[PDB]
Number of protein chains: 2
Amino acid sequence: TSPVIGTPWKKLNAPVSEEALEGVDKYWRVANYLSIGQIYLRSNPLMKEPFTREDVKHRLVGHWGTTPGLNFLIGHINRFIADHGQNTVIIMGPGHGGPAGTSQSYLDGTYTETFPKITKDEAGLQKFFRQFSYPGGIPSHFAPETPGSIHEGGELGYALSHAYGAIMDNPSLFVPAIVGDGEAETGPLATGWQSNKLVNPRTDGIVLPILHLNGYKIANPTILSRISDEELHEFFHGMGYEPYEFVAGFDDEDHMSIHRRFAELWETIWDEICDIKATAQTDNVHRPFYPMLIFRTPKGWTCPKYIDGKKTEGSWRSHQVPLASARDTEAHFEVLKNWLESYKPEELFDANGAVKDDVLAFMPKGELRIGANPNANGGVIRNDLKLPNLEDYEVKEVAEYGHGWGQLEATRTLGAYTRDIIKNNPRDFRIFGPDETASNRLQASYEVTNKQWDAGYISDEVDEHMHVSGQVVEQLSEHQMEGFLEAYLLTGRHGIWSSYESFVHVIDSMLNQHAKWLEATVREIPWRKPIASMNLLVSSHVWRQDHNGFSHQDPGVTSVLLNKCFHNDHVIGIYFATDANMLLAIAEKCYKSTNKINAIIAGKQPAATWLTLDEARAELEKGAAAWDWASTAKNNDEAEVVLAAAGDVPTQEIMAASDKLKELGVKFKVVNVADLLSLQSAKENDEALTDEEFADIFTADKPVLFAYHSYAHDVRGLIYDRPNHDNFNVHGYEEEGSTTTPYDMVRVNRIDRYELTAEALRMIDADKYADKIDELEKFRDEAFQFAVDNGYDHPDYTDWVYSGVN
Amino acid sequence: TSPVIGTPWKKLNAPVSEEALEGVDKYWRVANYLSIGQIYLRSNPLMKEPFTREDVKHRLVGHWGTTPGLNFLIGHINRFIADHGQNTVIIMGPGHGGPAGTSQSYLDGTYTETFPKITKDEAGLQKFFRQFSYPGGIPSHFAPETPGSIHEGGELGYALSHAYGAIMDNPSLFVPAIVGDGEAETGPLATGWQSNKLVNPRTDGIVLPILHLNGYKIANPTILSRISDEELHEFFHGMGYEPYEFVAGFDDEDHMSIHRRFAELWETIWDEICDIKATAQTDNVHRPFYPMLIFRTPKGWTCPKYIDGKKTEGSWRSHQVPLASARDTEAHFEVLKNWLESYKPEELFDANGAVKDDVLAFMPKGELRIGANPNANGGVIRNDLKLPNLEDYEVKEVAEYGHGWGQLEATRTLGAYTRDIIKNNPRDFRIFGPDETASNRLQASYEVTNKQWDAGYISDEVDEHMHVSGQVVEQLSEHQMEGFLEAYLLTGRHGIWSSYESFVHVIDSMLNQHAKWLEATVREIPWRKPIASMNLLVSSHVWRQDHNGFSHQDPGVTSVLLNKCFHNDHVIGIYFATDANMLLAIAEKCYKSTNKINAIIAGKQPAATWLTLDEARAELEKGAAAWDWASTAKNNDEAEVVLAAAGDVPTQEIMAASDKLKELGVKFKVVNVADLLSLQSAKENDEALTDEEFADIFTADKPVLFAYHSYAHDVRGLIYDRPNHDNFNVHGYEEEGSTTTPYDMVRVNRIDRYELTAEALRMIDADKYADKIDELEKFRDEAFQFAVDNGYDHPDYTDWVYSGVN
Ligand SMILES: Cc1ncc(C[n+]2csc(CCOP(=O)(O)OP(=O)(O)O)c2C)c(N)n1
Ligand SMILES: Cc1ncc(C[n+]2csc(CCOP(=O)(O)OP(=O)(O)O)c2C)c(N)n1
Ligand SMILES: [Ca+2]
Ligand SMILES: [Ca+2]
């Protein structure tokens, strides 16, 4: 679970010391200098004679506009941390404020600790400035390469979901969450403000949202800075916050008055938070209004007010670089030089180029430093789950009655397994869902926990399984669920969320950003320890969406996740749960895995159970497997056709087609694919099937009929250099469907058992089986006409049991 | 459970009709006339010529002062009931307003229905007037003889506890609870206002408290009518009420404006109650402010303003009779005659003496009438409990190991039994306790229900087993617990409360009033059906009160309840639970009994189990029994002494004395008394032991040593004419004790095993056993000196097991 770090929720009981404020003001100057040096300078960091245009980088990359505001806030937060011993993680929402994050880590000493070549002297400072956003250096954003980041904030709008995920079951953790005022215009951010209705001030930590109201986004004003101050305050009060406003930099107030004013307001806010935390030790049934800070400052604060007659400080014109080419004109170089000198670096750095002791003597030390807090490197906190014994949940009836027995709902099995994970791993495992946990049949967890709800309660007739604390969280937002879980994992804990398949697409871009985090971490950031995997139960899938119908039918999550499978990163798992015993085997592998995004595509409809758990574990280790109990070919040369399937509904239709083929005497081989990346090119993926293993399973030369759960294009693209790939005939979802019966869903997508039987006969000999083929095609129209007439599927479809069942 | 009666919680959605108000005004006139006729007249009810002083009763009994106010309220409540079809029971707090209750029942027709000689004509009216508070007639109060009463209100202060008990698990029931403003000065009433924190507006009914603020009690003003109106309103608002005030009769407003004003205010109050009930169908988690009515009217309203120069209307002088002897003076007779004529009875009664149709055409009909509502005759609602099978709870180990086995806490057994009663009888069985349910070990009921709590919730760390509805109610008030339960029983349901023994005395006077209700019901009121018994678990008794010590040691409940055992009423049960199996047998008998007060004196300390359930049921049927398995005499003539005991600690000491006597060779007989009234004179009590049964058990002539749980005076008084009673030697509590060890409690009261052994030897031969007697007395001082030295009782005391244990 989360470590208790420091002395949390302590009031100061004194004014902020004038010396600490002189610390904060020097911090802001030197962090601003070091932010500018990283953007503009390739050499001569301390502007020794001669400082000329040759010291300027040839291409200016990075963002000034948000940066001096972030440096201000970070300076004051560091003072706060050292004075109070508070366990603190910052969410840097305007993540293009990269130079502030790297400057912080350089000043707190964690940068040189982590990156020993970047020393705390003039040659290390030169390397520090050159490397920023440079070929072979470090990124422009607050990337996972930076000590202290858990959030790159490249794609905007997840700051608050990540902040609130971080503090769940983390009652000593304080998260100051800096939100762009442009970022507050996004969808995901806008709903993220309501997360305070889903956290509990006793059992969870505290988020302080900080609205970086600098007035501007890239080229536009921001909505929230142009509405009235009364509207802006009512807005935050309507969302359960008590808003505090700070305004600075729009007049000629000296910088030391600003710092005193801010430290006074910070400590007032903090006294309000400590009151909330102290009250919650007794009463955590009544939701407080949490503080939030509206930080109103000019964009690009302390850049030159006018460059070439255009307003730059307090404008969108300061967003990227205020000064656009200091290398090309003497005039513009002089502006850069005077700007760099306005921070007076002669007082900040000593003769050797180290930042002076009195600049940083207010800073926190040890694990309380922003770049050294374990919650910001949450792999160091994370332990293996205590997992229950997987055979306790095995469907034993396959071994009793035969492969293909029963009408179980496979996700109920996962639900019972996850219930006992939650029971064995209190405060360490969570379930998230967008109001779909019961619907996706995971509600056995309510026997051991509750849905965390901190809005109002009204009646025990409606409010079953809800409590102000609990390990299940539901809000109708895929962005919230994915974002909560992502930060729960990045801070060292574990969990799962579930979703209807077609709505996974809502968070495709969040999955992309989590995968780029993971890809960069496993390629090049070894000091960042492995975090628990992002586990996604994909249920209510396309084949059993014949009640919501056509516009809820999109299995396309698989195509998205296949674009993050390169360079042997192995950050993606794509798993088709064939039945409940395969779902168990998959779930245990995903629950033991680290540094991944695991998609688990499982049906929740009643379906057969095909495998025992020991067979499921064997198929899962390779990824695909022949089912010799289902083949009537007895090796690869007497097979006429290979019937392969990936997914529970393709498996059902292929197994029903193999029974009709067997009745015709045909010699075939049956294959199941549980793990989709096992089919990936053996050159590209060293966990995938070797080409010899692939040709034993599939064959060297026989026609393979392949029923696939998602778009056939996924498979055709993956097997492009596999042996015998020209003989594959992939059937997937093909954008057909309506609100209809289950048979009609498989029929219109050409994956029903009769079409698959017919396709196998056309592949074997379309001419000797011509009579029987015309017979199967006529039944397809007749079983559809039965559904229209009677209101339910034809009994030859619905009553079918595999012949292996005794 | 409670019947749903009528159309509850319906708004009127129209003004009160002017015709109904003329009904109410005629009701008030005729009820006032009939109230005065009952007090003053023995003949000539309609004052036919000649109406003289001979028609006046020789002795004036009864109360005028509260009556015209009650008649006003009752008239308006009857109009309300007929207009809304509301299920309604009235609690008449000023129960000395008897004539209002009898007048109501006479006007609603239920009186003549119930009492066929009191007809609705002039001769029935004559009998109606003469019988009131007259030799061989009916009582002065709102007695159980009156249709519509569930509360005599003789002893004041239980109106609100009874009102709130009535509405528990009775969600269609409306209870207008009329509270005396003098009665509001009592202890029990003052805490009764807080009961609205213990009821739930969805699962329970609604009480409307009506403060009958007439300004005066017997001879004094009332506190609540002499404080400021701002204080009086703040007071009721502080207790969770929304107070409404009505003021009338202190000016010359005509009576029809008063009725319109009142009906408008009544319907506003009722619209507020219907809103509460409608809201509670959705949100019953948030406690509403319930309405209450402050009814401010002159005491004795419509009596002559001045009699003999003394203010009478609006004074305490109208409390009993305004006019003190209308039979002795022509002047005072004329005052009575003009008073009777002011109601203008010529318009109220027709030529035959029936009340005219237009007086009563507004009245409710059927079961909605006050005197016909089944909640006011709750024996008609009551069914037998579904009781679980008693052998499921039997301590089986007596039969395995021997009599005297174990260290069980007997009340835990009752707790498990009562849990499954509650489970089988939902909404029909309640437990009450004054914050003592867990302490008296009855907390197995929390496995199936909750403590009903409707004040604020703060935290799951403190608020375990609480819910806004549930079948256990706790408030630290014996008056509330006894009063809640009493009305739950009178409205047809069942239950139990428990108490520490010494605090039963707190409600001695409530037990007295319930017993007088029951005594009058079983003697003479056959139309009033049997109600479930008042069951009281008396635990933490005097012998195991050596931790609270001396001032918590009072077993005297038994002496109080022995004063209500006359004339074969059988309304009292006094039971000593010898062990857990006897407690089961007792509890089942009490749970099946009707029309009783059952005291069940049971220990909750670890103690031996003496009897099997089949033996316990045999002893319980007779009440006392010989224990032939424990005697060493083999009939009555070879016994030298009879060792009798009543109660678990006397049984333990007598069984330990019998083992030491056996070791000496003595021939004795052991008797246990489970039911105290079995010893009562066989002439007085036809359920008690016959004199021949008594002398078989006790003997004709042997010394009986009798260890009794409570004061020896109880037993000595009961056996005064029994055979061999001069040979009894009763040992009870004798007002000795301190905070001490359990042995020291029995030692200082001369009931410990060593003193009892010694007393038996003095009774047999004090001279041949003189050595061993001096030995036992010296050990008593030595086992006390051990406790002082070591801090716990001597091992010969604590480690003793009966020799019957294998
Ligand atoms: C989802 C998304 N769309 C577009 C962008 C491009 N972008 C980067 S910075 C930026 C402006 C950000 O504004 P604010 O949130 O206002 O940042 P700050 O001013 O503090 O620089 C935008 C639109 C983005 N990062 N994310
Ligand atoms: C416990 C108790 N003590 C004393 C009395 C005697 N008593 C009877 S009526 C009465 C006055 C009652 O006053 P209120 O409650 O003011 O009645 P109302 O005016 O309506 O007649 C008193 C003191 C009583 N009935 N109960
Ligand atoms: Ca901005
Ligand atoms: Ca009064």
Side-chain angles (χ1 to χ4, degrees), chain B residues 26-48 51-52 54-64 66-68 70-71 74-75 78 90 92 95-149 152 302 321 326-327 336-337 339-357 359-360 363 369-372 376 520 524-525 527-528:
Chain B
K26 284 171 182 165
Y27 181 98
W28 187 39
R29 297 163 49 208
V30 76
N32 285 341
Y33 188 87
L34 297 168
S35 293
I36 291 144
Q38 287 177 266
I39 298 178
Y40 284 89
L41 302 189
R42 59 173 289 102
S43 312
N44 194 13
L46 300 169
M47 303 179 284
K48 304 300 193 334
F51 178 60
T52 89
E54 283 320 313
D55 306 316
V56 173
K57 296 181 165 188
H58 287 87
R59 192 231 233 158
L60 302 173
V61 186
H63 293 76
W64 176 250
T66 193
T67 304
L70 294 181
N71 283 329
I74 284 163
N78 272 318
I90 65 147
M92 182 203 297
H96 57 286
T102 61
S103 300
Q104 193 293 307
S105 183
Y106 187 80
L107 295 166
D108 80 355
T110 61
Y111 206 84
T112 294
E113 287 170 23
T114 313
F115 298 101
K117 307 210 268 261
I118 306 304
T119 49
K120 295 197 276 203
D121 58 64
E122 198 244 285
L125 198 60
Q126 190 282 316
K127 295 190 206 129
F128 187 68
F129 285 174
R130 190 177 292 186
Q131 73 164 8
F132 177 78
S133 304
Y134 186 89
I138 68 147
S140 59
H141 280 59
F142 198 30
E145 283 98 340
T146 326
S149 176
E152 185 152 9
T302 79
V321 285
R327 215 189 145 94
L336 174 64
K337 179 200 192 41
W339 183 14
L340 280 163
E341 286 170 355
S342 74
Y343 308 105
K344 282 156 166 145
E346 57 281 10
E347 304 170 1
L348 303 171
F349 301 88
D350 58 43
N352 299 294
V355 184
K356 297 188 156 96
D357 293 355
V359 176
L360 302 178
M363 288 291 279
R369 306 178 285 168
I370 291 157
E524 65 226 317
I525 317 170
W527 60 265
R528 190 173 277 283

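The sequence lines fix the lettering, A, B, ..., with proteins before strands; numbering per chain opens at 1.
- In plain terms, the two heavy atoms of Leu107(B) and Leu360(B) that are nearest each other are O-CD1, 3.3 Å.
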Using the rule given for side chain to side chain contact (heavy atoms under 4.5 Å, CB included), can you reason through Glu113(B) versus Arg369(B), listing the C-alpha separation, both sets of side-chain angles and the distance that settles it, and then say yes or no? CA-CA 12 Å; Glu113(B) 287 170 23; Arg369(B) 306 178 285 168; 2.9 Å; yes
Using side chain to side chain donor-acceptor pair (under 3.5 Å), reason through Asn71(B) and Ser103(B) one step at a time and then give a plain yes or no. CA-CA 8 Å; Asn71(B) 283 329; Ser103(B) 300; 5.0 Å; no
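- Between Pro99(B) and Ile39(B), some side-chain heavy-atom pair lies under the 4.5 Å cut-off.
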Working for side chain to side chain contact (heavy atoms under 4.5 Å, CB included), residues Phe115(B) and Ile138(B): CA-CA 11 Å; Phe115(B) 298 101; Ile138(B) 68 147; 5.9 Å; no
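- Tested against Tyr106(B), the residues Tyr27(B), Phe128(B), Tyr33(B) include a single ring-ring contact (aromatic ring centres under 6.0 Å, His included) partner, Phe128(B).
- Rounding to the nearest 0.5 Å places CG of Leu41(B) at 9.5 Å from CG of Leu46(B).
- Among residue pairs with one or both ends in residues 128-147 of chain B, those qualifying as side-chain hydrogen bond (donor to acceptor under 3.5 Å, both in side chains) are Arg42(B)-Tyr134(B), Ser43(B)-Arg130(B), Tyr111(B)-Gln131(B); sequence neighbours excluded.
- Taken from CD1 in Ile74(B) to OG1 in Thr67(B), the straight-line distance is 9.0 Å, to the nearest 0.5 Å.
- Taking each heavy atom of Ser149(B) and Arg528(B) in turn, the nearest pair found is O-NH2, 2.8 Å.
- With rounding to the nearest 0.5 angstrom, the CG atom of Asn78(B) is 4.0 Å from the CD1 atom of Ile370(B).
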Verdict with reasoning, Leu336(B) to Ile36(B), per side chain to side chain contact (heavy atoms under 4.5 Å, CB included): CA-CA 9 Å; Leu336(B) 174 64; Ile36(B) 291 144; 4.0 Å; yes
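- A heavy-atom distance below 4.5 Å is not found between the side chains of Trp64(B) and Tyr40(B).
- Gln38(B) CD to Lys57(B) NZ: the interatomic distance, rounded to the nearest 0.5 Å, is 7.5 Å.
- The shortest side-chain heavy-atom distance between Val355(B) and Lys120(B) does not fall under the 4.5 Å cut-off.
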